[PDB]
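*Asks:* Take this sequence and fold it.
(chains A, B, C, D, E, F, G and H, ligands or ions: 1)
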Amino acid sequence: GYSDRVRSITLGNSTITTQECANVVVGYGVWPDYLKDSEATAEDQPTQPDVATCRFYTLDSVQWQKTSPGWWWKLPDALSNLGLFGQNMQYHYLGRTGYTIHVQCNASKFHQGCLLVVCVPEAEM
Amino acid sequence: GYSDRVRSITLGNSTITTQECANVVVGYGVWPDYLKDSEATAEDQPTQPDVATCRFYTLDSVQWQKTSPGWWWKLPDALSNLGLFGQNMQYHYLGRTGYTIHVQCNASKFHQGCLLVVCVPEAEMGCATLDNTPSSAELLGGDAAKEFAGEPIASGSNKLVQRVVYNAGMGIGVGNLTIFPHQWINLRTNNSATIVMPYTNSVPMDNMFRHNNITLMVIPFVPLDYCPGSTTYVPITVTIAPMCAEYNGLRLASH
Amino acid sequence: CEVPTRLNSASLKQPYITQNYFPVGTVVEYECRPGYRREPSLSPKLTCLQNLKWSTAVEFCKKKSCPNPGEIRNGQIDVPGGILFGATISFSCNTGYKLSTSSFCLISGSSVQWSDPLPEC
Amino acid sequence: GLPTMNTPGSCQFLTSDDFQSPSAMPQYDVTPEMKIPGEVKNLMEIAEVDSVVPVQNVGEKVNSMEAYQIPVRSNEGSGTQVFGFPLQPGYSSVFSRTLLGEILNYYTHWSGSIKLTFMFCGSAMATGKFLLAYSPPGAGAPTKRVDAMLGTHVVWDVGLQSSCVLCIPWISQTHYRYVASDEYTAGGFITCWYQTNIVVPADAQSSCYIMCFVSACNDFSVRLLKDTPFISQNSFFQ
Amino acid sequence: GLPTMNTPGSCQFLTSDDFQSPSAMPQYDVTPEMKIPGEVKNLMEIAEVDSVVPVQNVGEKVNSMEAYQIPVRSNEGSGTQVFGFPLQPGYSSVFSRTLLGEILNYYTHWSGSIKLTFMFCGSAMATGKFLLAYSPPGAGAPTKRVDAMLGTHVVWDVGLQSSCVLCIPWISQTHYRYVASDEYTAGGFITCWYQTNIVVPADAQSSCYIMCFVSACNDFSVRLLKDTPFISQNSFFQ
Amino acid sequence: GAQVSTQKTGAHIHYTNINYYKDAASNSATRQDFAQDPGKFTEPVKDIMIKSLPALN
Amino acid sequence: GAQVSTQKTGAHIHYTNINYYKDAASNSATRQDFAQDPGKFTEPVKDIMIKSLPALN
Amino acid sequence: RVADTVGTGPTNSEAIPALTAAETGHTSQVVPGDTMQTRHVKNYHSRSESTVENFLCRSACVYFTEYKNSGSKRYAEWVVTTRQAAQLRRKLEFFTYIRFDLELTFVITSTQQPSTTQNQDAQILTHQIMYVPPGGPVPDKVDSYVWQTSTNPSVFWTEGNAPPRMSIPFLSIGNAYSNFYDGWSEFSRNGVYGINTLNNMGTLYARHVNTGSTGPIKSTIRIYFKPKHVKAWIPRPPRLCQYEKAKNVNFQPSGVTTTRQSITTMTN
Ligand SMILES: CCCCCCCCCCCCCCCC(=O)O
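*Replies:* Residues are numbered from 1 along each chain as shown, chains lettered A, B, ... in the order given. Coordinates below:
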């Protein structure tokens, strides 16, 4: 048989497993894909590494304290210096990618709390 | 109509044109390609950039003088720090690519000379001292060209490479090198020489930092000569384009 | 039984060295000779069996490791034989600098150290 | 008299030869075979079963069971290292005495994938997440989680299923790797890091242990009979 | 007991023999072959590629590249000689170390035609014409152009195509010629002469060089394995 | 009454065998029996365990 | 299971071969593989070059 | 069979078979019938002795060492390498990558040494040759337990019989042997440089199984290598200079050829 609280994700040479997960939110109902010929504007041929660029990168950790307000991350900036992704976007002038975000917190049955994990497009401050 | 002295080559976002060229030498008759499923050994999926990696990179120029012995270049080492190619081979453990070499020299109808342009696979070299082995700095020159020597290098307590031009540092015969895919630049006939080399090795993939597969050797067989009044500075330029390059084993960058 | 088996790594403990009569069921203990370090898994004891033959003996000690050689400025260190007790490293210099030439890992006190210090070049 | 000619290699005793020879007991009647459970046909059948890996073989820990326990405890920090060792089943002291290592030490070449199974042996109220990474050679052992994340890794979430399997693939240029220590046939490095922090409720031990099992994959293979270094003898027994 | 009889030549070790012998490593699995560019099936494939001929091997010229350059310059005269050497690929110092010569020195008999390719390496404004002649033996080396014209010659005109090929045919009574020096199997003489004079414009160098390549023809063949004289040794290496 | 069988050759040419003695214990060794069944040692459990499903559910 | 092949005789009478071992590395040497292809070393160029035509035209 | 010549006649055409450009590097495929008049003669010659096999398929001594039945040197050892001698090394170095099976043959000869022991009546000596693959227990002494040769291959020969011979398959972790290597043992371009890094063929030992006589005797074993089933790739120029070491290609510089009187000399 199955449960629905277990989910594995495989990308590149990396894998992510989960034993207690909710469903998976998919953007605005759209799955990321490549650019079509009837919607492109630049004329030279693009490069698609597809293995090294498309893999799970793990940023640092942050301690959650009894009085923590919250944290924010800019994704094009967060991965700018990490892996081939950073080298690719460095040499190139134009780029196009979709981001899958996994945020994990570990606790017991005697700990309580609640986090909102949200992706804001164009978060001008 | 057509002539056959004009040839254009297009790779990535780069193009090379020629007005006076000989034919194009194609390795051992084999055109570079990718690795097949029935001949691979590593199991993870390879990356194939195919645009940025497969483009013409132009190394520095060297002046050809009336007394120049010759120069040599290790191709895995020459492009190690140049472009995405260097970044790709840096992070990855295994690599596989074929190299197309274009060497160009420019002169007049009153200048004379002759260069041999040859690609040697596995050009293992010797040391001035019979005991001991050559140092990495002496064997590998990156971002620059290494030069042969007209007279024998002295033997002492040293790790210098024997650079004699007549022994090509391998102790063999410079004339017999033609066994390797080669070409000539005769200043009265052709401005440039182009050689296309496939991937030659005994294993399917190899680490591109500890092993150099092929070495390019430009050797003047007839010295440059001209009469007073004509241009005295004649440079030689080398453009290398990687072809069908694939990499495996993504790991932390190696410096 | 006869004299216990000679082993390169260890040496017979006192006073068994000054003893020539070993009855059956006699245990002898060894100790690590310089530099040699004792191996925790193996136990250095041998027993005279009924056949008047000693028990199977294996090297109970291993060579001590000298410290890392370091990094000589403007110089190349050649390590052909590791950095264990009794090895020899070679000091060389790059083209354009003038330079001892070699150092030996030897027992100096209670541990092993290199002999010649790193030169200047 | 049929004229024949004797070639070199005559009246010689090559130990690995295959000839017929006259039977010393002619027309002997052997006991008929009977069905016996667990018949071995191939050595690889033995190499594909799990064997506990003595990871913590430090000091006197090899003289007890503590050599098998990986000590993970809750700490006021994140991204620290749990363990790390090289991928040398034949040579590394970690895998030398495992079933896989004991079978490899009889051969000279090995080729295939390695399966590592990690089982959490803590309380039922403890939780955690770990990063299990493998880095092929070329750059040294990763010293921090940022460098180990770039390799082949798995993020293990501790829950109802207490065991997670990390599969080290075959990323060697050579078809076969040497069992002995050769720097040409380098293997890589295997490491583990705290992904988050161990979460333990009050009145529950905060210091736990992990266990590790190793097994050969379906593609595994070995290719040259030799003699094990470990076996020894000073004189004929008894 | 099958009655047999042993003939002479029993229990002897002839180095060039072809017998079967028991395998020392039974049921060994070899690494599967892979496509490698440039496979050699025949030595003649190597002998049919060009190799630069050290013609000017006079004095210290062998210790540089000057051994490969043939020095042709404009002079106030006509009909002088440029070079000349005998047709002895195995024995003559000129062809001894060329690919063809290095392959011939492993054999004892040779038979076929020789291709000589001459490439002009002067200015693009220089011109000339040369007579390339071959004279079979019986009368000595021709001393002047009138005597060398009577042999097998080609008149080469220097122009856009800078290379001309002179094909020395097989005019030997014997089917195979000895690689070593034998006066019975004489080869002949190969010479070159100024047909006209080098014509050079003002402000253009009047001293040029020619280069020479040698290659085996399609009919070439060799017939007796032996040991090269050049290879030597005083004691085992290392 | 001879037996002709294939030899051990590399991937990517027949041999002949005759028995001279009458005891079946004097024949050569059986070097070419490549048959495996590791399901007795790996996976000796009673209820089948599919790989993708959870082990204990 | 024997192989009958022609021998090396002069121009201008069969031999029999049986394999006794089962390893394919113990057979005799392959002395009769007369196949050539010098087009990889001679003429490795990309555009074909007819003999009678000028090389550079 | 070699190609036969074709009969031709005179010619006054525009076809220029002789004129060509060697700048391309294309070897001209001209035949004598192109630059002269020729007869038609059938050619019956054959390139059967020029094949790679017939070239390298011959026995060649690659090493020999001496061991005694008393004193210090009681057994002999050799680290397998084909670079010890010059002839077979130079024949093999014609190619970059070679794949071949090996036919090993051993010749063992004994000799009585000068002494003063009276009443010498020897018996037949038997020799044991044990091969240890890399990583095995190497003999430390002549009466070592390792001589059991359970897994390890061994050959026993009694003096007066035919020399021992065995066949070894293509042993290599790669897809072909490498005569040349342009790299370092470490990924950092430091350490061993050259073909020595690739070498890893193990060690071969030899001993007297019995003392035989009360007097001294010295034996010498000779190793012979005959390549068979040979496949080769990428040819390279022959070694002009003389060899100096077995682990490296280091050499002393030498001239291209031998010097004559002038450029118009028909004699050496
Ligand atoms: C009973 C005695 C057995 C002896 C076995 C000896 C095996 C030697 C194998 C040598 C193979 C050829 C080595 C080539 C080395 C190279 O060119 O890289």
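*Asks:* Close to chain H: what parts of chain C are there?
*Replies:* Within chain C, the positions lying close to chain H (Cβ under 8 Å from any Cβ of the partner chain) are C:76, C:79-80. In this view, the C-beta of every residue, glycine as well, is placed from N, C-alpha and C.
*Asks:* So which of those is the closest to chain E?
*Replies:* Among the residues of chain C next to chain H, residue C:80 lies closest to chain E (Cβ to the nearest Cβ), at 14.2 Å.
*Asks:* ok, the closest one to residue C:89 distance?
*Replies:* Remark: distance between residue C:80 and residue C:89 (Cβ to Cβ, to the nearest Å) = 8 Å.
*Asks:* can you pull out the helices in chain D?
*Replies:* Counting by DSSP state H, chain D has helices at residues D:44-47, D:93-96, D:99-104, D:145-148.
*Asks:* Then the stretch 101-250 of chain H?
*Replies:* For the stretch 101-250 of chain H, the helices defined by DSSP state H, counting those that start in this stretch occupy H:195-198.
*Asks:* can you list the residues of it near chain G?
*Replies:* Going by Cβ under 8 Å from any Cβ, the residues of the stretch 101-250 of chain H near chain G are H:101, H:167-170, H:228-229, H:235.
*Asks:* Among these, name the buried ones.
*Replies:* Among these, those classed as buried by 16 or more other Cβ atoms under 10 Å in any protein chain shown are H:101, H:167-170, H:228-229, H:235.
*Asks:* Which members of those residues are the farthest-apart pair?
*Replies:* Across those, the longest distance by Cβ to Cβ is 26.8 Å; it joins H:167 and H:235.
*Asks:* Now residue 40: which helix or strand?
*Replies:* Picking chain A for this. Following DSSP states H and E, one finds residue A:40 outside all helices and strands.
*Asks:* please go with chain H instead
*Replies:* Using DSSP H and E, no helix or strand contains residue H:40.
*Asks:* Quick check: closest non-adjacent residue to it.
*Replies:* residue H:7 (3.7 Å; Cβ to Cβ, 6 or more residues apart in numbering or on different chains).
*Asks:* Assign the one you found to helix, strand or coil.
*Replies:* Secondary structure of residue H:7, reduced to three states by DSSP: H, G, I helix; E, B strand; the rest coil: coil.
*Asks:* Run through the residues that contact it.
*Replies:* Applying Cβ atoms under 8 Å, 6 or more residues apart in numbering or on different chains to residue H:7 gives the contacts H:33, H:38-40.
*Asks:* ok, back up a step: reformat the helices of chain D as CSV; add distance to chain A.
*Replies:* Output for the helices of chain D, formatted as CSV (distance: least, Cβ to the nearest Cβ, whole Å):
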stretch, distance to chain A
helix D:44-47, 25
helix D:93-96, 22
helix D:99-104, 23
helix D:145-148, 7
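*Asks:* Identify whichever of the ones you listed lies nearest to chain H.
*Replies:* Closest among the helices of chain D, once you apply Cβ to the nearest Cβ, is helix D:99-104, at 9.7 Å.
*Asks:* quick one: is that closest one near chain F?
*Replies:* No - using Cβ under 8 Å from any Cβ, helix D:99-104 never reaches chain F; the gap is at least 10.4 Å.
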